[PDB]
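In structure tokens, the next block holds one chain alone, the form solved without this ligand.
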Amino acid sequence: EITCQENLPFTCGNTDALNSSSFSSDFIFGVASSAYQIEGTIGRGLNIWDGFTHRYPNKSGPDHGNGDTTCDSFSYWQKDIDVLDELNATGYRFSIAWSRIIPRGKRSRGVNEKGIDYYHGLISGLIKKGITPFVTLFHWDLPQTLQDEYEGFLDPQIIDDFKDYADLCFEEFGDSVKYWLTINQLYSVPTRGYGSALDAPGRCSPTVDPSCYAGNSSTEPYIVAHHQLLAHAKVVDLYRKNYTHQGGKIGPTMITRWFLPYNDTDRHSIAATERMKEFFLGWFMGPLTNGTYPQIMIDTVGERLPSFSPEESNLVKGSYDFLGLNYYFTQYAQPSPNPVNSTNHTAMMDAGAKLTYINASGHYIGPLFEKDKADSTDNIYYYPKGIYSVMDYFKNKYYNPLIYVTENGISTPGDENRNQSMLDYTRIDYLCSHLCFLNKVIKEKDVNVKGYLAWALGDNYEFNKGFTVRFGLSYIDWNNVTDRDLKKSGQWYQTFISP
């Protein structure tokens, strides 16, 4: 019988008690990255994260940081491989920058051979060290040209441009890459990119944020989400019809959270909690498992919710071999009004829920996850049991899928000096406590989880935060980015992997 801790102090950093041998022999352990966050702009065209961070520097991070140079994995990809080799990792998730291989967006405009060569060399280097690549086609970095031609995922033109990009990736890299992710965190671009305008491309209703160049936060999230699902599904169909000889697997990436009632004896909070599951997870998992959006979304969102045709429904339903599930934290849910006629209405209001990290009796859900220095009542707290609850829910609700945990990690402040930054015991605690619950759910609930990739390989540009936080298991000096030095967490993870 497995017992796992939910509160500080944690004792799962002892590899005598928790290590890779606790999991099945074939289980993959590694780390993750994304292209905007690590590569730099050298050698690629411009994408909407370049555009957004440059047009709206205060939205890029408090330091106005961006991905222009970052950790320079364009130059230092071998050093990334070296970290993975030091870890004895068996997996690495990275993304392909669309703008590096097709700078002009549309494949018929030509490819960048040198960009293709960059990923060939990375892939070959990984495989030579026994590391399985997990490759994200689209980690938010849409070529700027496509956003300017037709507003990107706002328009159905995205589907064929994404398909042709993906086809090039399968053609060039699929002989070696056997695990593909289509779109990173399906929920995020619709809501943050087109709802709150916290993320690229930065569209919203005028009264939500007067700096947005255009948008409608009530309608566009739904349009974009719908196009994401269709573009994803078209790529999965292309993969499974035209690249079956490659013997690989493909799936989407979800951001997952668990949700608990703010007041577990209040029917209204219980209802809000179940609505959140539907609106947060079901928005995408309903289509992916059934070809339809959840009924509560149909009912609430009404004419703002697009319909799938019968052909589209069939294309989207079942459009995965596995799910990449990202998991960071859990929220309490309580009811909230949905003012659909307000000029500041957002899609996110349609769930009719307010989310907190403290429940009605004043209980904080778990240890600190992210401090918010401008408003401490907005601090985020984590909840290790949430990974158990999410995986159990996916198994039970969503037809026992094959799952890889494609991100899980925690930040430390960029204000810490290097010695403090390397002494990242809070990261060991977060990672181990989640791994304990992941082992527990696999054993107790028989969830088909076959790997775990911690966020992040190394310090990088963090969307929305610049270089003001660090997520890496290895440390990068922003004054001299060449080295990636394993932190205490990376050293712990090395021991966990090879105990």
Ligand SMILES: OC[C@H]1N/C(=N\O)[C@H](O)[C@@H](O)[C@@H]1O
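A residue's number is simply how far along the shown sequence it sits, counting from 1.
Note that the form solved in complex with this ligand isn't included here; everything after this is about it.
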**OP:** Please pick, from 394, 92, 328, 404, the one residue with any non-hydrogen atom lying within 4.5 angstroms of this ligand in the deposited complex.
**Re:** 328
Subject >> Option touching this ligand, based on a heavy atom within 4.5 Å in the deposited complex, out of 385, 139, 275, 203 >> reply: 139
**OP:** Just one of 146-154, 123-131, 224-232, 179-187 has residues with a heavy atom within 4.5 Å of this ligand in the deposited complex, so point it out.
**Re:** 179-187
Original post:
Does residue 471 reach this ligand in the deposited complex if we count a contact as any heavy atom within 4.5 Å?
Top reply: yes
Original post:
Just to confirm, residue 452 within 4.5 Å of this ligand in the deposited complex by heavy atoms?
Top reply: no
Original post:
Is the gap between residue 50 and this ligand in the deposited complex 4.5 Å or less for some heavy atom pair?
Top reply: no
**OP:** Although this ligand is absent from this view, report whether residue 422 comes within 4.5 Å of it in the deposited complex, heavy atoms only.
**Re:** no
Subject >> Residues within 4.5 Å of this ligand in the deposited complex, restricted to 238-272 and counted by heavy atom >> reply: 255
